[PDB]
Structure formats: C-alpha cells, structure tokens
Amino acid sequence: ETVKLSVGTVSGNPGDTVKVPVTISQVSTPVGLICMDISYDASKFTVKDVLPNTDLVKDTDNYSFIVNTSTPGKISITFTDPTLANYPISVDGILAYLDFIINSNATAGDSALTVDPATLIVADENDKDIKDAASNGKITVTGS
C-alpha cells in the first residue's frame, strides 16, 4: 500500500540514445500530484527529452506534465490533474520515458539514475499525501 515510483534499467553504447521508463506501481488511492527529482551523471549523459505516456497521463495540452531540465544532472517531473478530478492516475503503469544521449566520451559500466527520497511528493486529489517510495534505475554503457 506504498505507491512506488521506479526508474528503469537500460544499456547502450556512446552515441546512441536510450529510453528509460519511469513507472508507478502499487497504486491504491488515485494520484493527483507527483513531484519527483531524478539525478544522472551529466559527464556521461545528455538529456534529450522527457516524454509522458499519454495512455496514463492525460490533459498534457493543459500542463498536466511539467519537466524541468534547467540544470545538468537533474530532471524534475511534475504530474498534476488540471481538472482537479477527472484525470487522476488510478492504475499502475509507465508515467514517462527519459530520453538520454550517451555522450561520445562516456566510459563503460553502470551509472545510477537516483530518485531523491526527500523531495518525492505523491498526493491524492484531496491534496492529502499518499504513502510513497522510490526505486532507482541505471544506464549501463557498453560496447557496440
């Protein structure tokens, strides 16, 4: 009954892009707000885009999904229901995809994608916090 925000695990070689899924699971109370921060190694990876899964994230024309990539090495995702009732997240699924470029200079091996436990916010449509936790992911830089 703790809702979990999880970052996926992928691999690739320098010059390629990788798509990392961000998943919400163990949903019970329908979710009206998510605020999360994901850190990554900016010396190895460049964020190209952060894209919502519109099967699960509705009303993206009205700023249901706000991405902050103003600072290298940090991605902040904010999910909201602009209608305050009609589009909560009520089932498990993929929230978003992180699209990273693996930089030309990236060395081989594992590199963590870390969710900040202190700034994670998950709340219901009545503005009450929902018991929540995060799970980290990683990008493994490999040969081709």
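In this text, residue numbers run from 1 along the sequence as written.
Colleague: Out of 114 to 122 and 54 to 62, which stretch has the higher average CA B-factor listed in the record?
Modeller: According to the PDB entry, the answer is 54 to 62.
Colleague: Could you settle it for me: does 71 to 79 or 85 to 93 have the higher average Cα B factor in the PDB entry?
Modeller: Going by the record's values, the stretch with the higher mean is 85 to 93.
Colleague: Per the entry, which of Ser39, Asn105, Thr46, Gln26 tops the list for Cα B factor?
Modeller: Checking the PDB record, the top C-alpha B-factor among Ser39, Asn105, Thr46, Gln26 is at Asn105.
Colleague: Among all modelled residues of this chain, ranked by Cα B factor, put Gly12 in the bottom, middle or top third, i.e. lowest, middle or highest.
Modeller: Bottom third by C-alpha B-factor.
Colleague: If you rank every modelled residue in this chain by C-alpha B factor, which third holds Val18: lowest, middle or highest?
Modeller: Its C-alpha B-factor, which the entry lists for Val18, ranks in the middle third among residues of this chain.
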